[PDB]
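# Remarks on the overall topology
Here is how the chains run, residue by residue.
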There are 4 protein chains.
Amino acid sequence: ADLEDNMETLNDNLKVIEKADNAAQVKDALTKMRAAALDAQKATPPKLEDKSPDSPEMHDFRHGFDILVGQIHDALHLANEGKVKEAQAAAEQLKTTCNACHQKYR
Amino acid sequence: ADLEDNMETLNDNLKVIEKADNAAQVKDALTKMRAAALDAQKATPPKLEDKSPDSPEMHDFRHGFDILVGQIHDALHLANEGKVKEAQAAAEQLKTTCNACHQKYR
Amino acid sequence: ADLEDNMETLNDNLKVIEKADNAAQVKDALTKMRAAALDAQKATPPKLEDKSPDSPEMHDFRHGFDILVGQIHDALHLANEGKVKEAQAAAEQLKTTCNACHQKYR
Amino acid sequence: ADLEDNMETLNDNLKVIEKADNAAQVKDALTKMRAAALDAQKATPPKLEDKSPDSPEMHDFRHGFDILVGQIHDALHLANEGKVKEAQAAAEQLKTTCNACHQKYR
Ligand code: HEM
Ligand code: HEM
Ligand code: HEM
Ligand code: HEM
Ligand SMILES: [Zn+2]
Ligand SMILES: [Zn+2]
Ligand SMILES: [Zn+2]
Ligand SMILES: [Zn+2]
């Protein structure tokens, strides 16, 4: 899908996690986020459609996703360890990464 | 693309890296590997077409990519730091991850 | 050294990075933070001096550092790639990790 | 402690993990390895006592530990998820990292 969609996914499951009750939910949600993130990856953001594919910006843009995915990956682990609360914390702190990118490229 | 393709990509650039001379090459090759890995991600391997999307296996399968991608990501950094040799080492040691997955799901 | 010290180090270089001008500075500062974090690691926080060494808390406490170190490591890479700005961003976003631990154990 | 010691620690718990039966053991052992690794970190290897602290080698040397610790961190997660076998696999594959450093600096 396109950015807007994967981003909608990202934001939806994030709220699902915040309202989540069981570790089952959190896991599934995070899993979708990973997918959404990995997909958002390939995309080229509007503010950067004039920049070349191998631009310092496009590279930093892609780097952001590697950070985001790495984080989800870990939060995932926590959910898998049954630790629902600290997994949610992990998800909440993800926002820092979401935001970060938004300033630079949204 | 489909697994076979992204896997071909993955294996080709790996050898490109082993035969690589300049940091420029390694970078580019690793970059391609990231793309191939991230894509291979979405795919569902043959040995697991009967297993549900949220199977312990399908999840572990996906996890391997997170490891692989993470590793490529760091190798990438090394290449960007001009450190061609240790980046190649990083690439060589990636194999451990490639193999790992192959036993369980290839 | 002891927590307070390594923590002071951590917070000092963090501001050094924020006021940093050249990539050389950022690198050096981040390098100090790595050392400081790696050291703070071994330590046992006050709120947890009654808890056993292998407590869920002492483990989570240790995990936080693994996250922090991991992040510093990557920020370091960026600095080495000459990318001073996104390296600073990487540092700023570290705080999320700093904070996270402080709620739970400070 | 000094390198030799942390290294002994590292190699001992590794074998403990290989002979390990319950997830409890694996966790505890890996935890010791982390401590041993993080400590080995600060040290200055013999082959590099003539090189300056900020040498390309001393830096690469330190980087190796960041890789090792990172890996241990993940194995740790697997143990915590009860997955004793794949955690042991994680541990076995760590050796690739152990070796790597030994060629360059042992
Ligand atoms: C889990 C974290 C994240 C969440 C929940 C999130 C959420 C959102 C949401 C809800 C939008 C709404 C606007 C729309 O698409 O119509 C948006 C847009 C956007 N996000 Fe994020 N985001 C996250 C991470 C990131 C990261 C890491 C990057 C950069 C690498 C990024 C780049 C963008 C961009 C470029 C847009 C503009 C899309 C457009 O053209 O409409 N986001 N984000
Ligand atoms: C850089 C590391 C890797 C390399 C170089 C690599 C390479 C290859 C190659 C050359 C094939 C050839 C057979 C073909 O596709 O026709 C293959 C197949 C396969 N690989 Fe990898 N691989 C890597 C990592 C991984 C990882 C991490 C996983 C698991 C998460 C994985 C899963 C598979 C599977 C399931 C197949 C079978 C594909 C098919 O149906 O043909 N690989 N791989
Ligand atoms: C780069 C991020 C971090 C910065 C800049 C930072 C900074 C600080 C500072 C300035 C103090 C001042 C109080 C003092 O020590 O006298 C402090 C205390 C403390 N920090 Fe951090 N911290 C960071 C990360 C962390 C992390 C990840 C943990 C947990 C694993 C942690 C645990 C603590 C604890 C337990 C104290 C109390 C120390 C005491 O007994 O005085 N910090 N931190
Ligand atoms: C878990 C993986 C590792 C294991 C099990 C391991 C194990 C060992 C063992 C058993 C020795 C025995 C010699 C002695 O100390 O008397 C040794 C030496 C050494 N290892 Fe490792 N090691 C590991 C990782 C590393 C890494 C990542 C580095 C580099 C960053 C490294 C650097 C060294 C060095 C420099 C020595 C020489 C110490 C001396 O002066 O005696 N090792 N290692
Ligand atoms: Zn973790
Ligand atoms: Zn690295
Ligand atoms: Zn990075
Ligand atoms: Zn993992």
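Conventions used here
- Residues numbered from 1 in each chain as written, not as in the entry; some residues may be left out.
- Chains lettered and ligands numbered in written order.
- Heavy atoms only, no water.
- Donors = N, O, S within 2.8 Å, 3.2 Å for Na, K, Ca; no water.
- Tetrahedral: all angles 85-135°; square planar, octahedral: opposite > 155°, others 65-115°.
- Helix = DSSP H or I, 4+ residues; strand = E, 2+ residues; numbered from the N terminus.
- Buried < 20%, exposed > 50% of the residue type's maximum accessible area, 1.4 Å probe, protein only.
- Least-squares fit on C-alpha atoms.
- Contact = heavy atoms within 4.5 Å.
- Near = heavy atom within 4 Å.
- Polar contact = N/O pair within 3.5 Å; in protein donor to acceptor, adjacent residues only side chain to side chain.
- Nonpolar A, V, L, I, M, F, W, Y, C, P; charged D, E, K, R; others polar.
- Buried area = accessible area lost by both parts, 1.4 Å probe.
- Salt bridge = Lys/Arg side-chain N within 4 Å of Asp/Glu carboxyl O.
- Arc of directions from axis to C-beta.
- Expected span 1.5 Å × (residues − 1).

In the PDB header, X-ray crystallography is given as the technique by which the entry was determined, and 2.900 Å as its resolution.

Residues and elements named next belong to chain B. Bound to the iron atom of ligand 2 on the protein side are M7 (SD) and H102 (NE2), at distances that span 2.1 to 2.4 Å. Taken together, the six donor atoms surrounding the iron atom of ligand 2 define angles of 84 to 177° at the centre, an arrangement classified as octahedral. Taken as a pair, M7 in helix α1 (residues 3–19) and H102 in helix α5 (residues 95–105) lie far apart in primary sequence, 95 residues in all. According to the relative accessible area criterion, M7 is partly exposed, its value standing at 25%.

Overlaying chain A on chain D yields an RMSD of 0.0 Å, the required transformation being a rotation through 178° with an accompanying axial translation of 0.1 Å. Look at the turn and shift together and you get a two-fold axis relating the two. For chain A, the minimum C-alpha distance to the rotation axis belongs to A:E81 and amounts to 2.4 Å. Same-surface contact between copies: 100% of interface residues of chain A are shared with the interface of chain D.

This part takes up the site of ligand 3. All names here are of chain C. Around ligand 3 sit 16 residues, and of these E4, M7, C98, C101 and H102 come closest. Within the side chain of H102, a nitrogen or oxygen atom sits 2.7 Å from a nitrogen atom of ligand 3. Only α1 (3–19), α3 (56–80) and α5 (95–105) provide two or more residues apiece to the shell around ligand 3. Within the shell around ligand 3, the residues separate by chemical class into 12 nonpolar, two polar and two charged.

This part covers the interface of chain D and chain C. Chain D puts 12 residues into the contact, and the matching count from chain C is 12 residues. Counting the surface lost from both chain D and chain C, the interface buries some 1,100 Å², and carbon and sulfur atoms represent 52% of this. When the shortest N-O distance is used, the salt bridge between D:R34 and C:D66 registers 2.5 Å. Counting the contacts that link chain D with chain C gives nine residue pairs in polar contact. Those elements that place two or more of their residues in the side of chain D that touches chain C are α2 (23–42) and α3 (56–80) of chain D. Per-element tally for the side of chain D that touches chain C: the top contributor is α3(D), with seven residues. Residue classes in the side of chain D that touches chain C are distributed as three nonpolar, five polar and four charged.

Turning to helix α5 (residues 95–105) of chain A, a few remarks are in order. In an α-helix, one turn spans 3.6 residues; hence positions three or four apart end up facing the same way. Taken together, the buried positions of α5(A) are occupied by A:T97, A:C98, A:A100, A:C101 and A:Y105. The arc enclosing the buried residues of α5(A), seen along the axis, measures out at 160°, which places them on a common side.

Here we come to the site of ligand 1. All names here are of chain A. Around ligand 1 lies a shell of 16 residues, among which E4, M7, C98, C101 and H102 are the nearest. Mapped by element, the contributors of at least two residues to the shell around ligand 1 are α1 (3–19), α3 (56–80) and α5. A class-by-class count of the residues in the shell around ligand 1 yields 12 nonpolar, two polar and two charged.

By the element assignment, A:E81 lies in the loop between α3 and α4 (84–92). For A:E81, a relative accessible area of 14% gives the class buried. Ignoring any residue separated from it by four or fewer positions in sequence, one finds A:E81 in contact with D:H77, D:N80 and D:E81.

Ideal donor angles around a metal are set by the shape: a four-donor tetrahedron calls for 109.5 degrees, a six-donor octahedron for 90 or 180 degrees. The protein atoms that coordinate the zinc ion (ligand 8) are A:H73 (NE2), A:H77 (NE2), B:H63 (NE2), D:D74 (OD) and D:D74 (OD), at distances spanning 2.0 to 2.6 Å. Taken together, the positions of A:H73 in helix α3 and B:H63 in helix α3 (residues 56–80) put the pair across two chains. The residues A:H73 and B:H63 share a single accessibility class, namely buried.

Time to look at the relation of the copies chain D and chain C. Note on the copies: chain D fits chain C at an RMSD of 0.1 Å, the axial shift is 0.1 Å, and the rotation between them is 177°. A shared binding surface is used by both copies, with 83% of the interface residues of chain D retained as interface residues in chain C.

Turning to α3(B), a few remarks are in order. Residues and elements named next belong to chain B. Here α3 is 25 residues long and its end C-alpha atoms lie 36 Å apart, about the 36 Å a rise of 1.5 Å per residue gives. Across the 25 residues that make up α3, a large majority, 18, are buried. Of the residues one or two after α3, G82 is the one with positive phi, at around 80°.

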